[PDB]
Amino acid sequence: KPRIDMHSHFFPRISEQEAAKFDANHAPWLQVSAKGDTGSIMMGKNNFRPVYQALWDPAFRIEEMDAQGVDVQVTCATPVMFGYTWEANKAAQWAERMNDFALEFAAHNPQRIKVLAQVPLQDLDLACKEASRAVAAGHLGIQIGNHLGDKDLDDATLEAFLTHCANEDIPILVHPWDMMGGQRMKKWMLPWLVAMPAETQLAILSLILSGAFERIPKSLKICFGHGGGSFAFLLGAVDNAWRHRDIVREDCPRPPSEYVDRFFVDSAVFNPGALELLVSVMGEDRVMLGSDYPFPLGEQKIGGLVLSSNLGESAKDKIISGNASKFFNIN
Amino acid sequence: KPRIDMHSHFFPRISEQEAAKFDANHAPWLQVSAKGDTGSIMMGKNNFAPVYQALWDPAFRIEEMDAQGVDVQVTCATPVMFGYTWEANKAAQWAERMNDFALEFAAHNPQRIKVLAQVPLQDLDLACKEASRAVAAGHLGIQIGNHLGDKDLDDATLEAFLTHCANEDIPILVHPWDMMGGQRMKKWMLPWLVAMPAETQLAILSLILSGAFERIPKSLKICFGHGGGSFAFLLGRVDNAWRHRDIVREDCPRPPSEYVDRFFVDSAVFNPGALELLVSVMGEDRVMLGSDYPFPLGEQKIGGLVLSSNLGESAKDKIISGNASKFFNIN
Ligand SMILES: [Mg+2]
Ligand SMILES: [Zn+2]
Ligand SMILES: [Zn+2]
């Protein structure tokens, strides 16, 4: 009966000089403060984001998992580490380094800390090879971003990557990143509050409305971060549009709502009413507890929303433990 | 029991020659064949959008307004005719003609057909003037886009406009508009399924998080089309960000969910569970029935979702009739 948190991030102890070998301007590295409890992710000499010790220190993180009652945590790259815009070979070298750091991180306690790998998604062949290598080395799966430039998950290269993972039984976490919006939402974390949930919805609907689920084998295990964004709530509008407009029907032979049996979401929706709607749509078997630890906005009391919701008790057990154990093959 | 549909659209019987004298390539106009059961919207010479014989032709619309149960319908400009792109004075002239066209459309039966006006929002002074003129001419309020051609949608200019309307007791309908994802979302009406609900959420949160509601008189009567987009579902996440991040509180002194009393939304969410959540969040007094008639993706059975819901009887009557009666002053 382990409590499993399946959505968390880490960041490796990369030096500025090491990151500079890759890209002096866009390779992230970690600056740690003099007393070592806090620090910053950096890009070149630029500050990118304030972080604290649990992000990079596995001993310290374990102490916090104990205090939250978390038995097993699955953790993966912070998305700034993805490097999807880099030259493909350099990005492949980088993913392999990051993936080794991840394994070093988990080696502190591989029974309680599990890792997912990143891949150089901009090159299909290298991405597939790294997926297979990383999992063979001990990763439980892969986390990828939800798009590559103007390429959404319906794109043939991404669908091909997902098919490779399906065929090799490699679970996938899709994480929103590099949000759309452009110039008009700089303040008040609007990209996180508006663009992020729409990115995730868009990734899900791209697979659905392109007919990708008809082509990708049922063995694919794929989870979308952050509750599937606004997917669950806007699904009604999607089924209606499918029903009453031909161009929505063109590549998708069944009503969109039925494809919920082909994917998973985590539970980070920050409201009991929202979570009850999510589970209504997805089913209790397809929602997994995820917290976004250890980021500032990443659930204070992990599992707290799920326990306080009016969901049935067996649903609560599935979401907290059952579904993730099966999805990531955690014994 | 009355039945008021406050979300619908019309397009005037403009000719090719009239539109050309504004802009022969950018001023939309209506082409009806010979047998007047079909018709089509043109942008110049090219075809913009095929269209139903109810968008124009009020007599037909009344027949369809009797077919369901719609006693009164509020109708307003198709977004195509906004001209927010155009030069200010030419847009001022254009909104004038469109608004007069509107009254002439409602002239068929002013008791059952009410109109809202459009304004030249790219110029504050001209916008206020047309808002005032159009209302004194019989318009029940104003429809604006959440946006402005291809624009950044939060500033003091439009805050200025909202205050004018509140002090003149002119109701406002905010209507989602030209999408954000640029070169993405080319297929399956993804712009309407993803970007539009996100645009509406963005309009709402930009008001809230800018602290605009702290300086706009409480007399403001404002409503957001299509359920407020994904606002209701994602409000948990927005409250979480406000509570845990300094930059989200910079200009907004109360939690964001506190401001639901400063605005209204329509009920167009096409799903029972989504409607219940929307109602839980906004209150029975702040949701109004709207159908998006006569567009293909409008509600098939106008009011069907609300009526077949498990909401209170008082709730059903406010949503279906009471709230709009008060909002638009309709008897
Ligand atoms: Mg392309
Ligand atoms: Zn995350
Ligand atoms: Zn509309």
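X-ray crystallography is the method the PDB entry lists for this structure, together with a resolution of 2.0120 Å.

K.L.:
Report on the UniProt feature "binding site: Fe(3+)" (unreviewed entry) in chain B, specifying residues and quantitative values.
P.N.:
All names here are of chain B. According to UniProt, the feature "binding site: Fe(3+)" (unreviewed entry) maps to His7, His9, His175 and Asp292 in the numbering used here. These annotated residues cover 286 residues of sequence, but their C-alpha atoms sit close together, with the largest distance between any two at 11.2 Å. Mapped onto the fold, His7 is located in the loop between β1 (4-5) and β2 (9-10). Checked against the element boundaries, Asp292 lands in the loop between β12 (287-288) and α10 (304-307). Apart from the residues within four sequence positions on either side, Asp292 is in contact with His7, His9, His175, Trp192, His226 and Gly298.

K.L.:
Explain helix α6 (residues 190-209) of chain B to me, and be specific about the residues and the numbers.
P.N.:
All names here are of chain B. Relative to the 28 Å expected for 20 residues at 1.5 Å per residue, α6 spans 27 Å between its end C-alpha atoms, a close match to the ideal helical length. Taken as a whole, α6 carries its principal kink of about 25° at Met196; the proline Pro197 stands between one and four residues after it. Counting buried residues in α6 gives 18 out of 20 residues, a clear majority hidden from the surface. Once α6 ends, the next one or two residues include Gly211, with phi positive near 80°.

K.L.:
Please set out the UniProt feature "binding site: Zn(2+)" (unreviewed entry) in chain B residue by residue, giving values where relevant.
P.N.:
Residues and elements named next belong to chain B. As annotated in UniProt, the feature "binding site: Zn(2+)" (unreviewed entry) corresponds to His7, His9, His175 and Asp292 in the numbering used here. If near-sequence neighbours (up to four positions away) are discounted, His7 is found in contact with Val74, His175, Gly225, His226, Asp266, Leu289, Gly290, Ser291, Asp292 and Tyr293. Take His9: it is sitting in strand β2. With relative accessibility at 0%, the residue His9 sits in the buried group.

Conventions used here
Residues numbered from 1 in each chain as written, not as in the entry; some residues may be left out. Chains lettered and ligands numbered in written order. Heavy atoms only, no water. UniProt positions renumbered as here; feature names shortened; annotations may be inferred. Helix = DSSP H or I, 4+ residues; strand = E, 2+ residues; numbered from the N terminus. Contact = heavy atoms within 4.5 Å. Expected span 1.5 Å × (residues − 1). Bend = angle between axes of the 7 residues up to and from the residue. Buried < 20%, exposed > 50% of the residue type's maximum accessible area, 1.4 Å probe, protein only.

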